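Only one structure is covered here, and it is reproduced in the block below.
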Amino acid sequence: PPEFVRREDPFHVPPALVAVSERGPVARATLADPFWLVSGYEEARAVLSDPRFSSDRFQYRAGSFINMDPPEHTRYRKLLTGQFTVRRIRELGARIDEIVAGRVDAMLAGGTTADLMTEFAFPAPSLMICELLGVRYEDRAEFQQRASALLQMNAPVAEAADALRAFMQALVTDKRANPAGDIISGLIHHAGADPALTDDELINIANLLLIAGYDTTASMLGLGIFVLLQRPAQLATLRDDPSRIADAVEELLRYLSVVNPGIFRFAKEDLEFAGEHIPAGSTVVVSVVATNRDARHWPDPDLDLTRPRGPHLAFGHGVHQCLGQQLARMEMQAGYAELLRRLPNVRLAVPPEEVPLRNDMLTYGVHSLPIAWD
Ligand SMILES: CO[C@H]1/C=C/O[C@@]2(C)Oc3c(C)c(O)c4c(O)c(cc(OC(=O)CO)c4c3C2=O)NC(=O)/C(C)=C/C=C/[C@H](C)[C@H](O)[C@@H](C)[C@@H](O)[C@@H](C)[C@H](OC(C)=O)[C@@H]1C
Ligand code: HEM
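Under the authors' numbering, read the sequence shown as residues 20 to 51, 54 to 81, 102 to 201, 205 to 418, first letter to last.
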């Protein structure tokens, strides 16, 4: 229902979500059939930690643990979390530091303008996923090609883009043959899997890591700059007080809420949660944007990079919180800092209302971002 998915601009919650949120923190709406929308922050964490609710749309390839419930979800997640070791995070963070520098090095070498999405926001997230999956330098062109084949937009799998699946097929075979330090190697060689992951499981996880971390991280990075460019006092705070970068990124996650139209749950059971009667199989969707703006939790919900960090729902809650949230944070922290610091007097190169937003996409963001500097 488009009125729930559409965002006119990023500084307001959609009027229809605001209408529903007025009825209740959890409130029925009509699809097509009634589903519920959660706009309350405590209510959201409550549905997300609640086990009467499923991530399986159909029940009430494989290895795709984001639509799985524990026990089965928990087996893969724990394999995935275990390979997210300190040694990985440290190396990936240094890679990430290198990545954001090369893209800015390339923007500055190019002239005084760029489209931010082309030259920084899609490329930085993309290259980090390369490092994560152990994609070699000579294969990144091929890799960057096959995965900007999302138009417009979102898809599992690729129905049966095998081209991407085919690339991942070769990579895994490669990894079994020659084990490096990447996430695919560890799962195969060092995650202690019993039973051992199959090629299909391994392919399906690799795509999910790209899919899950790529649009979201790129939409965050582009939209965050776009918002800073319209809110010059905020931009200065981040650019001028560089030690406050950890708090700023946490604010953009909460204010921008790129996950649109929200996190999805289904009721395994007939249930009553917060006074509502919910038949089995009914969609429950947590609106990330509305909830991160709950006035009961945040008296002032407007954007403040001055604000000290607290929890928000941009990365989900409970058993499925982004596996990638620490990598996304390092890239968002590294990437916003490098642009504001290295691009003098950065500004939009076209008027703000001319900028193209993604309202025909699941993940909220910007299509193009023309910018200038000096
Ligand atoms: C967006 O609608 C999804 C959301 C389902 O619920 C969960 C919590 O699980 C889930 C799963 C298992 C996915 O496999 C998934 C995928 O691939 C994408 C995006 C998801 O949403 C997010 O998590 C945001 O971070 C998501 C899942 C999810 O949230 N990637 C895609 O490329 C994509 C296009 C998903 C949705 C597609 C269509 C909108 C869908 O066909 C429509 C029928 C929707 O109305 C939903 C019913 C949708 O269908 C499914 C099973 O994909 C589903 C509920
Ligand atoms: C700002 C950046 C990001 C945002 C806003 C974001 C948001 C989310 C959210 C809300 C979920 C929960 C969805 C659900 O509960 O159904 C999620 C799950 C996930 N994210 Fe992200 N994410 C980001 C970056 C990344 C990155 C960089 C990765 C890198 C691999 C990634 C991988 C995943 C995975 C694997 C899951 C599934 C976790 C599970 O089901 O166990 N994400 N993300």
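Positions of the beta carbon are idealized from the N, C-alpha and C atoms, including for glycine.
Original post:
Starting from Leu401 and walking both ways along the alpha helix (DSSP H), at which residues does that stretch end?
Top reply: That residue, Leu401, is in no alpha helix (DSSP H); it is neither H nor E in DSSP.
Subject >> Contact check, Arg353 vs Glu294, beta carbons under 9 Å >> reply: yes
Subject >> In DSSP terms, what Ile415 is bridged to >> reply: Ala155, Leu392
Original post:
Do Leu267 and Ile307 have their C-beta atoms within less than 9 Å of each other?
Top reply: no
**OP:** Decide yes or no for the touch test of the stretch 314 to 331 against the stretch 56 to 76: beta carbon pairs closer than 8 Å, at least 3 of them.
**Re:** yes
Original post:
Contact check, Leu254 vs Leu349 under 8 Å by CB: the rounded distance?
Top reply: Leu254 to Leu349, Cβ: 29 Å. No contact.
Original post:
Is there at least one non-hydrogen atom of ligand 1 closer than 8 Å to the beta-carbon of residue 52?
Top reply: Because the chain is numbered 51 and then 54 with no intervening positions, residue 52 cannot be located in this model.
Original post:
Is DSSP giving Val303 helix, strand or coil here?
Top reply: strand
**OP:** For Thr153, count neighbouring Cβ atoms within 10 angstroms of its own Cβ and tell me buried if that reaches 16, exposed if not.
**Re:** exposed
Subject >> Whole-angstrom distance between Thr260 and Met169, CA atom to CA atom >> reply: 13 Å
Original post:
Got a sec: does ligand 2 put a non-hydrogen atom nearer than 8 Å to the Cβ of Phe310?
Top reply: no
**OP:** Sort out for me which residues DSSP pairs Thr407 with in a bridge.
**Re:** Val303
**OP:** Determine, using beta-carbon pairs with one atom in the stretch 181 to 201 and one in the stretch 396 to 416, whether at least three such pairs fall under 8 Å.
**Re:** yes
Original post:
If you drop the 5 nearest sequence neighbours on each side, which residues of the same chain put their C-beta closer than 6 Å to that of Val45?
Top reply: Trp57, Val59, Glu64, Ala318, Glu320
**OP:** Use the C-beta contact count for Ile130: other C-beta atoms within 10 angstroms, 16 or more gives buried, fewer gives exposed.
**Re:** exposed
Original post:
Would a C-beta distance cut-off of 9 Å place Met212 and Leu246 closer than the cut-off?
Top reply: yes
Subject >> Alpha-carbon spacing of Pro396 relative to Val302, whole angstroms >> reply: 19 Å
Subject >> Span separating the alpha-carbon of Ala393 from that of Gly151 >> reply: 15 Å
Subject >> Per-residue burial, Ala201 [other beta carbons within 10 Å of its own, 16 or more giving buried] >> reply: exposed
**OP:** Give a single yes or no on whether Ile247 has its beta carbon closer than 8 Å to a heavy atom of ligand 2.
**Re:** no
**OP:** Evaluate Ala190 with the Cβ neighbour count: other Cβ atoms within 10 Å of its Cβ, from every protein chain shown; 16 or more gives buried, anything less gives exposed.
**Re:** exposed
Original post:
What whole-angstrom Cβ distance do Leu279 and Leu273 have, given they're in contact under 8 Å?
Top reply: 7 Å
Original post:
Going by alpha carbons, who is nearest to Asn248 out of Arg42, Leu413, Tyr117, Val24?
Top reply: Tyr117
**OP:** Using only the heavy atoms of ligand 1, determine whether one of them is closer than 8 Å to the beta carbon of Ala201.
**Re:** no
**OP:** From the DSSP output, in three-state form, read off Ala46 for me.
**Re:** strand
Subject >> Expected contact under 8 Å - CB spacing of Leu69 and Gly257 to nearest Å >> reply: With a Cβ gap of about 19 Å, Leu69 and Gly257 do not count as contacting.
Original post:
Just curious, the alpha helix (DSSP H) that residue 13 is in, first and last residue?
Top reply: The structure shown does not extend to residue 13, since the chain is modelled only from 20 to 418, so the question has no answer here.
**OP:** Select from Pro29, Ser75, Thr159 the residue whose C-alpha is nearest the C-alpha of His411.
**Re:** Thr159
**OP:** Give the secondary structure of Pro55 by DSSP, where H, G and I count as helix, E and B as strand, and everything else as coil.
**Re:** strand
**OP:** Report yes if the C-beta of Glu63 is less than 8 Å from at least one heavy atom of ligand 2; otherwise report no.
**Re:** no
Subject >> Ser287 in three-state terms, based on DSSP >> reply: helix
Subject >> Rounded separation between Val39 and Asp71 - CA only >> reply: 22 Å
**OP:** Kindly indicate which residue of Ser105, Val141, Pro112, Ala51 has the alpha-carbon position closest to the one of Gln377.
**Re:** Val141
Subject >> Bridge-paired residues (DSSP) for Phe308 >> reply: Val329
Original post:
Helix, strand or coil: how does DSSP classify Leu349 here?
Top reply: coil
Original post:
Within this structure, are the beta carbons of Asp243 and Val198 separated by less than 9 Å?
Top reply: no
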